[PDB]
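Here you get one chain, nothing else, as C-alpha cells; it is the form deposited without the partner chain.
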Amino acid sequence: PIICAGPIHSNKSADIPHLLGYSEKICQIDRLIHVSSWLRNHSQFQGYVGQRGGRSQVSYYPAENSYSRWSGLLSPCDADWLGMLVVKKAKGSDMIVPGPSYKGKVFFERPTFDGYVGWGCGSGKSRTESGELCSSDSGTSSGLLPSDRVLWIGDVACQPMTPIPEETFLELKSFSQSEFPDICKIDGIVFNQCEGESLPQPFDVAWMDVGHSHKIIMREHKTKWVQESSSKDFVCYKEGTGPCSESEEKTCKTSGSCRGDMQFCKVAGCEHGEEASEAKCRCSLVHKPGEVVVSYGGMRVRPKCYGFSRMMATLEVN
C-alpha cells in the first residue's frame, strides 16, 4: 500500500470523487477506487471493488508476480487513473486470454497489443470460470467487494515515458517483426503479412509501450531500473489523515517546507525542528526499483509500460 490502508466502504451508493492531487490519485489507486470507477461507468456496476484489501490484495495472472511486490510500480489501471493510458471497455472483438481464474472476478484487465482492455461486470454479477460471461453471484450483491475479485493479468510496470521519434518506433516495430516472424496478428492487430493463418493462440511475451500506436514485443532485451527521485517518485500523506491535497503536495514538492524521509528532503527540501502543535504534511519515496529503461534493437528506450503479459497471437501456415 503506497499511502492508504485497505478501504472499508459502508455504502455502495458513495460517489467516487475525482481528485487532482498526485497522492490523492495514488490513494484511490491504493483503494482500487479506480477499478470501482472503471466498473461504474462501463458495467453499470454498483459500489466498489477492493474492500478491506485494496490494491495490494488484487489478484494477478500469474500469481507469482514481480512488480506486485513493488507497491509504486504502476499497473495499467493505475496508469489509466493517472491518465497515462486508457484501459478501454471490453468490446466483443477483444480476446479473453485463457489461463487465469476468472470465475468470481468482477474486473479483469489485460494489455492488448494496441492498448489495454478491461472486462467488468454489472452489480450482483461475476465472471464465469471462462471469463466470457458475467453470471449472477450472491457473493457480489453487497456491492462492496474484495480485491481478489479484481484480476490484473501480466507482470506490468507502467511509468512516465521518454517519448521517442516515430522513426525510432518504426525501427523497433520492424526489429520485433524480425524477432517474431512467426506471428501474423496480435489482439486483432496486424503484426506481419501471411495471408495463410491459424486461429488465435495464447502468447506469453515481454513487451513495452513506447507511446505509439502499438507495443513492441521483445524476445531478447535488457532492462535497467534507474532511480530518478522525480516528484512522481514521492507521495505526500498527512499522518493519520490520508493523502495531502493537490496544493499541499505541490507545496511540499516545490517549496521544500513539508517534512519527509531521507531521499525526499535531499531532493525537494524540508525543515525539521519547527512544529508547535498539530502535525504537518509529509512525503515519502514511493517504493519501486525505479524507472525501467529497456535495451532493445540497439536502442535504449524508457517506455510508458513494460510488462510480460499473455496476449492472443495468430500464427502462420506453411
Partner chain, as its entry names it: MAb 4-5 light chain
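Numbering follows the first chain given and starts at 1.
As the entry records it, the average C-alpha temperature factor is higher for 273-281, out of 273-281 and 49-57. As listed in the deposited structure, the average C-alpha B-factor of 178-186 and of 237-245 is greater for 178-186. Across the residues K215, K89, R110, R127, the deposited record lists the maximum Cα B factor for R127. Out of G154, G83, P200, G118, it is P200 whose C-alpha atom has the highest B-factor in the PDB entry.
Residue-level temperature factors show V205 in the middle third of its chain, judged at the C-alpha atom. When the modelled residues of the chain are ordered by C-alpha B-factor, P146 sits in the middle third. Remark: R219 belongs to the highest third of its chain, ranked by C-alpha B-factor as recorded.
Per-chain ranking of the deposited C-alpha B factor places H9 in the highest third. When all modelled residues of the chain are sorted by CA temperature factor, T168 is found within the middle third.
Separately, the form deposited with the partner chain bound exists; it is not shown, and the next lines address it.
Taking the partner from elsewhere, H272 is found to have a heavy atom lying within 4.5 Å of the partner chain in the deposited bound form.
The closest non-hydrogen atom of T241 lies within 4.5 Å of the partner chain in the deposited bound form. Contact check for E64: no non-hydrogen atom falls within 4.5 Å of the partner chain in the deposited bound form. Though the partner is left out of this view, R282 does reach within 4.5 Å of the partner chain in the deposited bound form, counting heavy atoms only.
Of the candidate stretches 287-295, 273-281, 247-255, 40-48, only 273-281 has residues whose heavy atoms lie within 4.5 Å of the partner chain in the deposited bound form. Along 1-29, a single residue, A5, places a heavy atom within 4.5 Å of the partner chain in the deposited bound form.
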